[PDB]
Amino acid sequence: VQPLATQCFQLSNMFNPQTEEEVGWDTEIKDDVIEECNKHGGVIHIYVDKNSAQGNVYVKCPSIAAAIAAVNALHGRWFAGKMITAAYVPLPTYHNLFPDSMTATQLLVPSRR
């Protein structure tokens, strides 16, 4: 049975720490994902996990409707011969990893203009 959408998701294949070469690369990913969410339903928490062999980025959106829109917008991308994939994460699991995300409400904006 396919998991229900939630506010929270994990992207994969967004980067490869073995090969990332640009100074500031993970901030650029953060800004890019926020920009994409800000053509949909926005975003209230994001973490680009530099350590992740799988290239994981964690996102929480302000509602399930917003998460669906972001997932459907992001899970179409390709990088370095792999598709970006998304998996919804249960709220309690996401909140255990990112306690700061539990009470988040402010929609995020990119740093770059």
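- Method of determination, as given in the entry header: X-ray crystallography; reported resolution: 0.9500 Å.

- The chain appears in the PDB entry as RNA-binding protein 39 from Mus musculus.
- What the PDB entry is called, per its title line, is "Crystal structure of a RNA binding motif protein 39 (RBM39) from Mus musculuS at 0.95 A resolution".

Here's the deal with the sheet that holds strand β2 (residues 45-48)
And step 1. Across the sheet, four strands lie side by side as β2-β3-β1-β6; this open sheet has antiparallel pairing. Edge positions in the sheet fall to β2 and β6 (85-89), since each has one partner strand and no second. The average angle at which neighbouring strand axes cross in this sheet is 15 degrees, direction not considered.
And step 2. In this fold helix α1 (residues 25-37) packs onto β2 and β3 (57-60), with an angle of close to 145 degrees to the strand it touches most, β2.

Some thoughts on the packing of aromatic side chains
And step 1. Applying the stated rule across the entire model yields four aromatic pairs.
And step 2. With centroids separated by 5.1 Å and ring planes inclined at 45 degrees, the aromatic side chains of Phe15 and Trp25 adopt a geometry described as tilted. Residue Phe15 is found in the loop between β1 (8-12) and α1, and its partner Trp25 is found in helix α1; the two are separated by ten residues along the sequence. Taken individually, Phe15 and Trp25 each receive the classification buried, so the pair is uniform in this respect.
And step 3. Ring centres of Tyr94 and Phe98 lie 5.0 Å apart, and the angle between their planes is 50 degrees; on these two criteria the pair is classed as tilted.
And step 4. Here the aromatic residues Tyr47, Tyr58, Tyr94 and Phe98 are joined through ring pairs into a cluster of three or more.

Each value, and the rule that gives it
- Residues numbered from 1 in each chain as written, not as in the entry; some residues may be left out.
- Heavy atoms only, no water.
- Residues with missing side-chain atoms left out of burial classes, pairs and counts.
- Pairing = 2+ DSSP bridges.
- Helix = DSSP H or I, 4+ residues; strand = E, 2+ residues; numbered from the N terminus.
- Axes fitted to C-alpha atoms, helices over the stretch in contact; angles between N-to-C directions.
- Contact = heavy atoms within 4.5 Å.
- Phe/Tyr/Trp six-rings, centres within 6.5 Å; stacked < 30°, edge-to-face > 60°.
- Buried < 20%, exposed > 50% of the residue type's maximum accessible area, 1.4 Å probe, protein only.

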